[PDB]
Amino acid sequence: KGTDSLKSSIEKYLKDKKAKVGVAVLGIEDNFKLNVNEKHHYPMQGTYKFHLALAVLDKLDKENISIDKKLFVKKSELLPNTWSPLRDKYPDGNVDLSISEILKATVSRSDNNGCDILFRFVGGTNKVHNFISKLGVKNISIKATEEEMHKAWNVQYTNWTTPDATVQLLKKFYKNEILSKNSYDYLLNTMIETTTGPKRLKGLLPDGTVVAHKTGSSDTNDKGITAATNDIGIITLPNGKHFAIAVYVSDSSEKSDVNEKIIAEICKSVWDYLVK
């Protein structure tokens with residue numbers, strides 16, 4: 001078989017890498033499947049903004065609320081010292097922003113204050129955890145907001161996932177089994193139209209490959225450990241078909257260009273195998 005050689009090629013690549021790397025791949029319209037180091041809990045960081053976006057849009061679908069509905073955002077919610085184009089654009093806060101604009105910032109640009117604004121909108125982290133569980137995807141833990149994760153170093157490990165869970169959720173999303181058509185179209189576009197992680201899943205793919213993804217990243221502690229360098233999404237093959245893929249480079253002693261290269265190389269190997 002070819003799948004075992006792909007898995008063994010990946011594991012040989014990972015042998016000399018000082019990181020715990022989890023991989024999962026799921027064909028969208030066929031039943032291709034690949035796991036590496038699947039039984040392990042990987043810190044999600046910003047990739048859970050995808051999960052949160054599902055929860056927000058689902059609420060908008062079920063309650064018949066327009067994505068253009070405006071929410072008043074208090075100055076006290078545009079926290080400083082955190083990645084937030086929203087705060088940079090409205091430094092004084094106390095502004096009415098459409099859910100559309102907050103969602104765009106959160107998903108395409110990974111806004112941390114946008115993230116927490118939307119968590120408040122859907123009722124908290126536990127609400128998102130329940131919504132994901134009620135879809136029949138287990139092994140995703142969603143316990144901490146961005147503001148909580150920016151405190152103790154350990155908090156980021158309470159937002160964890162297996163690689164399997166991610167691609168199952170990506171495929172449910174991509175096959176439009178979660179959202180209304182308009183919500184699905186919006187979220188998909190914001191995931192394609194992101195400028196983040198150019199050196200990760202897309203790093204080594206041919207130019208013009210469409211990739212809908214969400215990145216996650218962490219700090220590096222003073223023992224040189226980068227907790228999380230992630231990229232998850234749906235890639236379009238040359239023949240027009242798709243696959244969902246998630247790569248978690250966790251607890252890494254490698255430099256950041258290596259951590260991104262690992263994502264890029266694993267994705268490239270999976271791409272090469274499925275093209276062939």
# chains A, B, ... in the order shown; residues from 1 in each chain; ligands from 1

call {"tool": "closest_atom_pairs", "arguments": {"of": "region 125-244 of chain A", "to": "region 101-120 of chain A", "cutoff": "9 Å", "atoms": "only C-alpha atoms", "output": "CSV"}}
result
residue,atom,partner,partner_atom,distance
A:125,CA,A:119,CA,6.3
A:127,CA,A:119,CA,8.6
A:128,CA,A:119,CA,7.9
A:145,CA,A:116,CA,6.1
A:146,CA,A:112,CA,5.9
A:147,CA,A:116,CA,7.5
A:187,CA,A:107,CA,8.1
A:190,CA,A:108,CA,5.5
A:191,CA,A:108,CA,6.0
A:192,CA,A:108,CA,8.2
A:193,CA,A:108,CA,6.7
A:194,CA,A:108,CA,4.5
A:195,CA,A:108,CA,7.2
A:196,CA,A:109,CA,7.0
A:213,CA,A:108,CA,8.9
A:214,CA,A:107,CA,7.0
A:215,CA,A:110,CA,8.0
A:216,CA,A:110,CA,8.4

call {"tool": "write_last_selection", "arguments": {"atoms": "N, CA and C atoms", "output": "short mmCIF file (atom, residue, chain, number, x, y, z; two decimals), in the first residue's frame"}}
result
data_model
loop_
_atom_site.label_atom_id
_atom_site.label_comp_id
_atom_site.auth_asym_id
_atom_site.auth_seq_id
_atom_site.Cartn_x
_atom_site.Cartn_y
_atom_site.Cartn_z
N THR A 125 -16.54 29.78 26.89
CA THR A 125 -15.78 28.67 26.32
C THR A 125 -16.55 27.36 26.40
N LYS A 127 -19.70 26.85 26.27
CA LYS A 127 -20.71 26.80 25.21
C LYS A 127 -20.12 26.33 23.90
N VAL A 128 -18.92 26.83 23.54
CA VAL A 128 -18.28 26.37 22.31
C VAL A 128 -17.92 24.89 22.43
N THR A 145 -10.04 31.53 27.41
CA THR A 145 -10.08 32.64 26.48
C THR A 145 -8.65 33.09 26.15
N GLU A 146 -8.54 34.07 25.26
CA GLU A 146 -7.20 34.57 24.95
C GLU A 146 -6.62 35.30 26.15
N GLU A 147 -7.44 36.11 26.84
CA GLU A 147 -6.96 36.84 28.01
C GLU A 147 -6.48 35.89 29.10
N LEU A 187 -17.51 32.11 6.15
CA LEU A 187 -16.37 31.56 6.89
C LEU A 187 -15.31 30.99 5.95
N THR A 190 -13.24 33.87 4.47
CA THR A 190 -12.28 34.45 5.41
C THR A 190 -11.10 33.52 5.68
N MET A 191 -11.27 32.21 5.47
CA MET A 191 -10.18 31.28 5.70
C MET A 191 -9.26 31.18 4.50
N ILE A 192 -9.78 31.47 3.30
CA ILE A 192 -8.96 31.55 2.10
C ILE A 192 -8.23 32.88 2.05
N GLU A 193 -8.94 33.96 2.36
CA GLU A 193 -8.41 35.31 2.27
C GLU A 193 -7.62 35.71 3.50
N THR A 194 -6.86 34.81 4.08
CA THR A 194 -5.98 35.19 5.17
C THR A 194 -4.56 35.33 4.63
N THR A 195 -3.79 36.17 5.28
CA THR A 195 -2.43 36.37 4.86
C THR A 195 -1.45 35.68 5.81
N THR A 196 -1.97 35.00 6.84
CA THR A 196 -1.16 34.34 7.86
C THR A 196 -0.58 33.02 7.35
N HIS A 213 -7.44 28.01 5.61
CA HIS A 213 -6.77 27.54 6.82
C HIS A 213 -6.92 28.51 7.98
N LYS A 214 -6.47 28.04 9.14
CA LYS A 214 -6.34 28.82 10.36
C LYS A 214 -5.05 28.41 11.05
N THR A 215 -4.22 29.39 11.41
CA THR A 215 -2.96 29.14 12.09
C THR A 215 -3.11 29.23 13.61
N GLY A 216 -2.12 28.69 14.30
CA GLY A 216 -1.96 28.96 15.72
C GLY A 216 -0.48 29.01 16.05
#

call {"tool": "select_by_dssp", "arguments": {"residues": "region 6-250 of chain A", "states": "helix (DSSP H, G or I)", "output": "PyMOL selection string"}}
result
chain A and resi 6-15+45-63+75-77+85-89+99-108+112-122+125-134+146-149+153-158+163-174+181-192

call {"tool": "residues_around", "arguments": {"residues": "residue 238 (chain A)", "least_positions_apart": "3", "cutoff": "8 Å", "atoms": "only C-alpha atoms", "output": "ChimeraX atom specification"}}
result
/A:209,241,275

call {"tool": "atom_distance", "arguments": {"atom1": "CA of residue 18 (chain A)", "atom2": "CA of residue 250 (chain A)"}}
result
9.5 Å

call {"tool": "residues_around", "arguments": {"residues": "residue 249 (chain A)", "least_positions_apart": "2", "cutoff": "12 Å", "atoms": "only C-alpha atoms", "output": "PyMOL selection string"}}
result
chain A and resi 14+17-23+36-37+40-45+163+200+215-218+225-232+246-247+251-264+266

call {"tool": "closest_residue", "arguments": {"among": "A:139, A:236, A:82, A:133", "to": "residue 159 (chain A)", "atoms": "only C-alpha atoms"}}
result
A:139

call {"tool": "select_by_dssp", "arguments": {"residues": "region 5-82 of chain A", "states": "strand (DSSP E or B)", "output": "PyMOL selection string"}}
result
chain A and resi 20-27+33-36+42-43+70-73

call {"tool": "atom_distance", "arguments": {"atom1": "CA of residue 269 (chain A)", "atom2": "CA of residue 138 (chain A)"}}
result
27.5 Å

call {"tool": "residues_around", "arguments": {"residues": "residue 155 (chain A)", "least_positions_apart": "6", "cutoff": "8 Å", "atoms": "only C-alpha atoms", "output": "list in words"}}
result
residues 144, 148 and 149 of chain A

call {"tool": "residues_around", "arguments": {"residues": "region 57-71 of chain A", "least_positions_apart": "2", "cutoff": "12 Å", "atoms": "only C-alpha atoms", "output": "PyMOL selection string"}}
result
chain A and resi 50-55+73-74+93-104+114+117-123+127-128+131-132+135+173+176-188

call {"tool": "write_last_selection", "arguments": {"atoms": "N, CA and C atoms", "output": "tab-separated table (two decimals), in the first residue's frame"}}
result
chain	number	residue	atom	x	y	z
A	50	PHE	N	-11.23	29.00	14.66
A	50	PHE	CA	-12.10	28.32	13.71
A	50	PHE	C	-13.31	27.72	14.42
A	51	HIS	N	-13.06	26.96	15.48
A	51	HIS	CA	-14.14	26.37	16.28
A	51	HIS	C	-15.09	27.45	16.77
A	52	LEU	N	-14.53	28.54	17.31
A	52	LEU	CA	-15.35	29.64	17.78
A	52	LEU	C	-16.17	30.24	16.64
A	53	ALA	N	-15.57	30.36	15.44
A	53	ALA	CA	-16.31	30.93	14.31
A	53	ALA	C	-17.52	30.06	13.94
A	54	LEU	N	-17.34	28.73	13.93
A	54	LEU	CA	-18.48	27.82	13.78
A	54	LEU	C	-19.57	28.12	14.80
A	55	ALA	N	-19.19	28.27	16.07
A	55	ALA	CA	-20.20	28.47	17.10
A	55	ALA	C	-20.95	29.77	16.90
A	73	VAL	N	-18.78	47.38	21.66
A	73	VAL	CA	-17.56	46.84	22.25
A	73	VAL	C	-17.01	47.88	23.22
A	74	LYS	N	-16.89	47.51	24.49
A	74	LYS	CA	-16.36	48.45	25.47
A	74	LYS	C	-14.85	48.60	25.30
A	93	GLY	N	-12.15	52.38	21.62
A	93	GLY	CA	-13.21	51.45	21.96
A	93	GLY	C	-14.55	52.15	21.92
A	94	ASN	N	-15.48	51.66	22.72
A	94	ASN	CA	-16.85	52.16	22.79
A	94	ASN	C	-17.42	52.41	21.40
A	95	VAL	N	-17.37	51.37	20.58
A	95	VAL	CA	-17.74	51.45	19.18
A	95	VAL	C	-18.69	50.31	18.83
A	96	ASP	N	-19.60	50.56	17.89
A	96	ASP	CA	-20.50	49.51	17.39
A	96	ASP	C	-19.90	48.84	16.17
A	97	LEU	N	-19.53	47.57	16.30
A	97	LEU	CA	-18.90	46.81	15.23
A	97	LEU	C	-19.80	45.67	14.81
A	98	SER	N	-19.91	45.47	13.50
A	98	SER	CA	-20.70	44.36	13.01
A	98	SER	C	-20.01	43.05	13.35
A	99	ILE	N	-20.82	42.02	13.57
A	99	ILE	CA	-20.26	40.69	13.83
A	99	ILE	C	-19.37	40.27	12.66
A	100	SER	N	-19.78	40.62	11.44
A	100	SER	CA	-18.96	40.41	10.25
A	100	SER	C	-17.54	40.94	10.43
A	101	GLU	N	-17.40	42.20	10.86
A	101	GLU	CA	-16.07	42.78	10.98
A	101	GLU	C	-15.27	42.13	12.11
A	102	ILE	N	-15.93	41.79	13.23
A	102	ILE	CA	-15.23	41.12	14.32
A	102	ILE	C	-14.80	39.71	13.90
A	103	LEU	N	-15.65	39.01	13.15
A	103	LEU	CA	-15.32	37.67	12.68
A	103	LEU	C	-14.16	37.70	11.70
A	104	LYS	N	-14.17	38.66	10.78
A	104	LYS	CA	-13.08	38.78	9.82
A	104	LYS	C	-11.74	38.99	10.54
A	114	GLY	N	-10.98	40.32	19.35
A	114	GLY	CA	-12.09	39.77	18.59
A	114	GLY	C	-12.50	38.39	19.06
A	117	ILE	N	-14.29	38.82	22.48
A	117	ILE	CA	-15.59	39.42	22.20
A	117	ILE	C	-16.59	38.36	21.73
A	118	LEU	N	-16.16	37.52	20.78
A	118	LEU	CA	-17.08	36.51	20.25
A	118	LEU	C	-17.36	35.40	21.27
A	119	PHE	N	-16.39	35.05	22.12
A	119	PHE	CA	-16.67	34.07	23.17
A	119	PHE	C	-17.79	34.57	24.07
A	120	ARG	N	-17.71	35.84	24.47
A	120	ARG	CA	-18.78	36.47	25.24
A	120	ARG	C	-20.10	36.39	24.49
A	121	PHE	N	-20.07	36.60	23.17
A	121	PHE	CA	-21.30	36.61	22.38
A	121	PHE	C	-21.99	35.25	22.40
A	122	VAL	N	-21.22	34.15	22.35
A	122	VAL	CA	-21.80	32.82	22.31
A	122	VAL	C	-21.95	32.19	23.68
A	123	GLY	N	-21.60	32.88	24.75
A	123	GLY	CA	-21.86	32.40	26.09
A	123	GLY	C	-20.70	31.78	26.83
A	127	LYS	N	-19.70	26.85	26.27
A	127	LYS	CA	-20.71	26.80	25.21
A	127	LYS	C	-20.12	26.33	23.90
A	128	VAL	N	-18.92	26.83	23.54
A	128	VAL	CA	-18.28	26.37	22.31
A	128	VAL	C	-17.92	24.89	22.43
A	131	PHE	N	-21.04	22.85	21.88
A	131	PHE	CA	-21.48	22.89	20.49
A	131	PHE	C	-20.65	21.95	19.61
A	132	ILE	N	-19.33	21.95	19.81
A	132	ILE	CA	-18.45	21.05	19.07
A	132	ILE	C	-18.75	19.60	19.43
A	135	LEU	N	-21.80	18.12	17.85
A	135	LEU	CA	-21.61	17.73	16.46
A	135	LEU	C	-21.05	16.33	16.32
A	173	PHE	N	-17.41	20.72	8.35
A	173	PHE	CA	-17.57	22.10	7.92
A	173	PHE	C	-17.54	22.20	6.40
A	176	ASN	N	-20.35	21.25	4.24
A	176	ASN	CA	-21.54	22.05	4.56
A	176	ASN	C	-22.60	21.25	5.30
A	177	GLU	N	-22.17	20.50	6.31
A	177	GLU	CA	-23.08	19.83	7.24
A	177	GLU	C	-23.27	20.58	8.56
A	178	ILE	N	-22.67	21.76	8.74
A	178	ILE	CA	-22.77	22.50	10.01
A	178	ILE	C	-23.60	23.76	9.85
A	179	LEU	N	-23.31	24.55	8.82
A	179	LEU	CA	-23.81	25.91	8.73
A	179	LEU	C	-24.81	26.06	7.60
A	180	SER	N	-25.55	27.16	7.64
A	180	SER	CA	-26.29	27.58	6.47
A	180	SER	C	-25.32	27.90	5.33
A	181	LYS	N	-25.88	27.98	4.12
A	181	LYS	CA	-25.05	28.24	2.94
A	181	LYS	C	-24.34	29.59	3.03
A	182	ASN	N	-25.05	30.63	3.47
A	182	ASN	CA	-24.44	31.95	3.53
A	182	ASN	C	-23.35	32.01	4.59
A	183	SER	N	-23.58	31.40	5.76
A	183	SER	CA	-22.56	31.39	6.79
A	183	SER	C	-21.34	30.60	6.34
A	184	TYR	N	-21.57	29.41	5.77
A	184	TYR	CA	-20.50	28.59	5.21
A	184	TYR	C	-19.67	29.38	4.19
A	185	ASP	N	-20.35	30.06	3.25
A	185	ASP	CA	-19.65	30.85	2.24
A	185	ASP	C	-18.78	31.94	2.87
A	186	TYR	N	-19.31	32.61	3.89
A	186	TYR	CA	-18.55	33.66	4.56
A	186	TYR	C	-17.32	33.09	5.26
A	187	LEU	N	-17.51	32.11	6.15
A	187	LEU	CA	-16.37	31.56	6.89
A	187	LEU	C	-15.31	30.99	5.95
A	188	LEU	N	-15.73	30.25	4.93
A	188	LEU	CA	-14.77	29.71	3.96
A	188	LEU	C	-13.94	30.82	3.31

call {"tool": "atom_distance", "arguments": {"atom1": "CA of residue 47 (chain A)", "atom2": "CA of residue 222 (chain A)"}}
result
23.9 Å

call {"tool": "closest_residue", "arguments": {"among": "A:150, A:170, A:240, A:160", "to": "residue 80 (chain A)", "atoms": "only C-alpha atoms"}}
result
A:150
